[PDB]
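Below: the structure, in structure tokens.
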Amino acid sequence: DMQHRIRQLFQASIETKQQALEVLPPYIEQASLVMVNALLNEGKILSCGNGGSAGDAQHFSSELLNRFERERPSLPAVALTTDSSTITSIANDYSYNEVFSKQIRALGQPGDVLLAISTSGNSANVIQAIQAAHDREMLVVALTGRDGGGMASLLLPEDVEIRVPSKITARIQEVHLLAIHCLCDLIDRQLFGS
Amino acid sequence: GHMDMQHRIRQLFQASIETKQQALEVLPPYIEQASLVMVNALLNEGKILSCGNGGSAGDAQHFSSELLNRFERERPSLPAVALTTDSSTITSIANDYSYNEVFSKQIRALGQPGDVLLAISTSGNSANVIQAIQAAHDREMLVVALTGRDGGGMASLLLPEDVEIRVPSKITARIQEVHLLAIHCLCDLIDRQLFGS
Amino acid sequence: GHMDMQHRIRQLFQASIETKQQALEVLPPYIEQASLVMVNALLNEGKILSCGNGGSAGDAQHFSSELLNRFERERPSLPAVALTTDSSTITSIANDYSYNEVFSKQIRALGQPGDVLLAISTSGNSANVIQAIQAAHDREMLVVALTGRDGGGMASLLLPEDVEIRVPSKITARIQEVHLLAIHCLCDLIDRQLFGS
Amino acid sequence: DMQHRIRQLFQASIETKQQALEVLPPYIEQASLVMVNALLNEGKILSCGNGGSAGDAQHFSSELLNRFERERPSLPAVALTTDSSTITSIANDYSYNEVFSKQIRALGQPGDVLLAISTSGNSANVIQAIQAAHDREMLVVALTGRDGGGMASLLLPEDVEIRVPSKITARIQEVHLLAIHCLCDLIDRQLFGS
Ligand SMILES: O=P(O)(O)OC[C@@H](O)[C@H]1O[C@H](O)[C@@H](O)[C@@H](O)[C@@H]1O
Ligand SMILES: O=P(O)(O)OC[C@@H](O)[C@H]1O[C@H](O)[C@@H](O)[C@@H](O)[C@@H]1O
Ligand SMILES: O=P(O)(O)OC[C@@H](O)[C@H]1O[C@H](O)[C@@H](O)[C@@H](O)[C@@H]1O
Ligand SMILES: O=P(O)(O)OC[C@@H](O)[C@H]1O[C@H](O)[C@@H](O)[C@@H](O)[C@@H]1O
């Protein structure tokens, strides 16, 4: 029974990826171009998310700040989910909704990029992070799922949404991780060739 | 050299120095009781969980790292865990439920009878820490509360076996400075009591 | 639309999909044994410690947060602790001694007989994780190792009661993708076994 | 006996502060001006350190990104000690000595400031962080103790050292924390008046 349940999970994950391969590629490519153009212009990338998505935020920032595959220079990315003093104080002093937006308002420079990760598209703090990136004239790459939630209504024409065609948070995170490896691979290829 | 700046810095140093002098007059008894609660917990194979917000979250992990690595003398690592460092845990709990549960949910899972909670707050009024204390009580843990001002809601929740180290100040930055020194004192007393000398 | 980019993305998706298909053929038995080791530890009031480097450190805290908060079903928080999140602890241990001791020193302090170590490495060759396994053994803990390639030095250290989930791939990013899914499977099996349904 | 030991610690801490008040103020002021000038020119501040010093690094970044005392806008600071994926991968892949320097090379922009914290002045990774800030044309504020170690030999004329007159790490960290509150207070006063 457990073996069957595991297979069923592997299979659902495989199917979700096959469904995502049918619609995500163009958005994944557009998002990598948005990020490469920012990196080429002294810009940096900020990432935020909650739970497994906070793990994706820092997964992305480490691939860039250290490396993805080939040896190359560190690239500028900052995860907004890791400084516990900043996060706890903001949430404590005002509200949890401001933990990312408040850092973006300080760190965001025009032309920088915000990688906003949410499987529901409905996390208040990421919705507010997107508003704050817009206030700093930043472009937004949003990794989402379901119907895109409030995050999708905030996206502007230059922003890019990568909406996983799934309603299951765990499946969604699995594609998000793959999507991030694609972005890291495409950024390296674009900046340093194949 | 600029007028206001050199004056201001001197004024801040003096206020930090004076605050420690007042604290020196009332905190020693509490700092000692608190180190004994911690030492007993450690001897009984228990562990210490710490929590706080902002500068206090910095203190929570400063404490944890002093024990897990070392304070001064070379000795084995001691069991402490700061409840403020796992961003996935913290963000998912706050995002799914409420920021008020970030520490308490971890304590309910991790806390064991006889463990100790180091609850840090300069006002004594942070809801998450207040809920952490209630969770430590529900897990039959003792609480060492580092506070300031009038103790706030944290103070009224403390039980007879708990220990409060209330800094005699209303200024958060002054209270944090004294909390850091108090933590260095607890680490020092814990080594003294556990390994002697 | 650009030639190479759309081709490359498709190629990466396919390689991720194929890797999962190969993993689907060999990992289920191990994933199940590993969930049973974890479930037994949790039932016996033990806890799970997780560690790893880079993407694997992300996985270590993803695992910890799934248990401390929730995976899918509403249920009480479960005891897990990622050994990779406390920066004060990690930096002081690496700075004073060696980066190789960052996990092992925490395990020696925190680990208890019957606890479980989730050791994550795509090569199986990270020294700190290798030393973490040796420390879990010294604390009479069982080890669940998420690896890849040929298992590396981590594989040769495993004992008969330990469980290895070795992804059939040599590519780190592919192995991490399968490690994430494996973790979702363990969380799913842990809830199933602990609360039924 | 324990009461006496505690008093002795409080007293040693008080004395160390009194000794620091005799020599630190000019450096503390110079460091706040260096930081204010960077913030006034779209620059940001990066902080790093180990152990209690990593705690100071993020203490500083939170005071700026959230707030110190008065309500004011978030200021740009990034602690390089908090993203565990970045830190572990760099140390794992190369060596622990590169955990900060590698992030500075990516994130550092000319005119930014590095707050490098070390009670000994001799931590390899902070020594290397200072070299990397110099490569990015950044100024350095170094919080140190003892004789300044390798960090002090790397400082350039525009950099500022705040060397606590103590050899005891715990005393040194106590002054560092006070020094950081001074910097936060001076930055607020300079930027938004008294
Ligand atoms: O993906 P979001 O809708 O932005 O929510 C993220 C987190 O709050 C977590 O929610 C649940 O607890 C789980 O699905 C987690 O895995 C998720 O990270
Ligand atoms: O010390 P508490 O009252 O529990 O509050 C802690 C934090 O929310 C922070 O509040 C303000 O932002 C500042 O005073 C911080 O230094 C403090 O850590
Ligand atoms: O998976 P390991 O062999 O134990 O190594 C983990 C990390 O050091 C990182 O190494 C490289 O930088 C990359 O492949 C990362 O994705 C990986 O986490
Ligand atoms: O202050 P450093 O010389 O840069 O060293 C920092 C850390 O390695 C730690 O060293 C010892 O373990 C203790 O003194 C810690 O408090 C300190 O943070």
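A few remarks follow.
- From phi via Karplus (6.51, -1.76, 1.60), per-residue ³J(HN,Hα) for the stretch C:180-196 in Hz, x at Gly/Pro: 5, 5, 4, 5, 5, 5, 4, 5, 5, 5, 4, 5, 4, 5, 6, 10, x
- Kirkwood hydrodynamic radius of chain B, from inverse mean 1/r over distinct Cα pairs, in Å: 17.0 Å
- Separation of alpha-carbon centers, the stretch C:1-51 and the stretch D:11-82, rounded to whole Å: 43 Å
- Put a dot 7 Å past the Cα of D:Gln11, heading toward its Cβ, do the same for C:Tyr97, and the two dots end up 3.5 nm apart.
- If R0 equals 56 Å, the separation of the Cβ atoms of B:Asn44 and D:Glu42 corresponds to a calculated FRET efficiency of about 0.55.
- Evaluated with a Cβ-only charge set (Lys, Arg +1; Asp, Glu -1), the stretch C:93-197 carries a dipole of roughly 260 debye about its Cα centre, given to the nearest 20.
- Using the rule -39500 (n - 2.57) for each DSSP H run of four or more residues, divided by the residues of the protein assembly as shown, the 222 nm mean residue ellipticity is -18500 deg cm²/dmol.
- With θ taken as phi - 60° and the Karplus curve 6.51 cos²θ - 1.76 cosθ + 1.60 applied, the whole-hertz 3J(HN,Hα) list for the stretch C:52-69 is x, 10, x, x, 6, 6, x, 5, 4, 7, 5, 4, 4, 5, 4, 7, 6, 10 Hz, x standing for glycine and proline.
- Local net charge near D:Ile87, Cβ-Cβ under 12 Å (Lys/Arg +1, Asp/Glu -1): -3
- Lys/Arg +1, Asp/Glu -1 at C-beta; chain D dipole; positive extreme among D:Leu191, D:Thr169, D:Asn66: D:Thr169
- Proxy reagent accessibility, fewest Cβ within 10 Å first, across D:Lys17, D:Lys167: D:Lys167, D:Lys17
- When chain D is treated as a Gaussian network with alpha carbon springs shorter than 10 Å, the biggest mean-square fluctuation among D:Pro25, D:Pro157, D:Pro73 belongs to D:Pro157.
- The stretch D:113-194 shape via C-alpha gyration tensor axes, a/c threshold 1.5: oblate
- Put in order of Cβ neighbour count within 10 Å, fewest first, the listed residues B:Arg8, D:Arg171, A:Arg7 become A:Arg7, B:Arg8, D:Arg171.
- Taking amide H as placed 1.01 Å from N in the peptide plane, D:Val78 has its amide H under 5 Å from the amide H of D:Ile45, D:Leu46, D:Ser47, each at least 5 places away in sequence or on another chain.
- Each part reduced to its alpha carbon centroid, the stretch D:126-146 and the stretch B:86-132 end up 36 Å apart.
- Prolate/oblate/rounded label for the protein assembly as shown (Cα gyration tensor, a/c 1.5): oblate
- Coupling constants for the stretch B:13-21 follow from the phi torsions by the Karplus curve (6.51 cos²θ - 1.76 cosθ + 1.60, θ = phi - 60°), and in residue order they are 4, 5, 5, 5, 4, 4, 4, 5, 5 Hz; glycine and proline get x.
- Nearest-0.05 FRET efficiency for A:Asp135 and B:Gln22, computed from C-beta distance (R0 35 Å): 0.20
- For the set D:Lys17/D:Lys44; D:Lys44/D:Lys102; A:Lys17/A:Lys167; A:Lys167/C:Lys170; A:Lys102/B:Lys105; A:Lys102/A:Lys167, the pairs lying more than 19 angstrom apart at their alpha carbons are D:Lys17/D:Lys44; A:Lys167/C:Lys170; A:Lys102/B:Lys105; A:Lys102/A:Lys167.
- Net charge contributed by nearby residues that have their C-beta within less than 14 Å of B:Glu164 (K/R +1, D/E -1): -2
- Placing unit charges on each Cβ (+1 for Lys and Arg, -1 for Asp and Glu) gives the stretch D:127-194 a dipole about its Cα centre, and among D:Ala152, D:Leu178, D:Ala133 the Cα reaching farthest toward its positive end belongs to D:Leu178.
- Under the convention that each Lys and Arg Cβ holds +1 and each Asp and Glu Cβ holds -1, the size of the dipole of the protein assembly as shown around its Cα centre is about 40 debye.
- Taking Cβ atoms as reference points and 9 Å as the exclusive limit, the residues near A:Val34 contribute a net charge of -2, counting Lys and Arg as +1 and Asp and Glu as -1.
- Gyration tensor verdict on chain A (Cα atoms; rounded if a/c is under 1.5, prolate if a/b is larger than b/c, oblate otherwise): oblate
- Here the Gaussian network model covers chain A, with springs between Cα atoms less than 10 Å apart; of A:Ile168, A:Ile127, A:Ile180, A:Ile168 fluctuates the most.
- Distances between placed amide hydrogens fall under 5 Å for B:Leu49 paired with B:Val81, B:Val116, B:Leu117, B:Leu118, all partners being 5 or more residues away or on another chain.
- Pairwise FRET efficiency - D:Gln3 versus D:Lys167, Cβ, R0 = 25 Å, nearest 0.05: 0.50
- Near the amide H of D:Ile162, within less than 5 Å, lie the amide hydrogens of D:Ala142, D:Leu143, D:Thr144, all on another chain or at least 5 residues away, with H placed in the peptide plane.
- Placing +1 on the Cβ of every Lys and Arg and -1 on the Cβ of every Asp and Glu, with no other charges, gives the stretch D:21-101 a dipole of roughly 180 debye about its Cα centre.
- Which of C:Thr89, C:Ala57, C:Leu158, positive extreme of dipole for chain C (C-beta unit charges): C:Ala57
Backbone-built Cβ (ideal geometry, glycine too); neighbour counts: all protein chains shown. Bear in mind that the values in this text are calculations on the coordinates, not laboratory data.
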